[PDB]
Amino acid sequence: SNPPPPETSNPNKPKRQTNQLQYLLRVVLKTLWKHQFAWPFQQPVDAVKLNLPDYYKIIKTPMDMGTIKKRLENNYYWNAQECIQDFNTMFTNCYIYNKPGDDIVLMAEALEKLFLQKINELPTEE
């Protein structure tokens, strides 16, 4: 089976709306979400449907852009570095689980290039 998805709602967790977090939604997430290669990353890995029975044996910190999108639109984060870490966890998981040169790795690399381009210009905190 699949594990429960990562948390996207937790009223116990202190929250902020900051200009950096707004940029992560309006620029970073939106740029990657509309990309031709976004679709494998737009929801948690469905290891049943995709016949990857070892996926969650290997990947213990799952992350995906559907979860990130919910976290941003639900104001789940306290700071931008939390969200940046989620993106990097998503990319790292893909490189760890898969083989170099796989289509999915090429897709992650193209998304990560754009990610790096956008967070290079993360605005200074207001």
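So that there is no doubt, residue numbering starts at 1 and follows the sequence shown. Whichever C-alpha set is largest while still superposing within 1.5 Å between the two forms counts as the rigid core.
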item: Stretch with larger C-alpha RMS deviation in 7 other deposited structures of this protein, core superposed, 103-111 versus 8-16; value: 8-16
item: Given 100-108 and 20-28, the range whose Cα B-factors average higher in the PDB entry; value: 100-108
item: Segment of higher mean CA temperature factor, 117-125 or 3-11; value: 117-125
item: Top residue by Cα temperature factor, when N75, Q42, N93, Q36 are compared in the entry; value: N75
item: Maximum C-alpha temperature factor, selected from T67, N51, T61, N79; value: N51
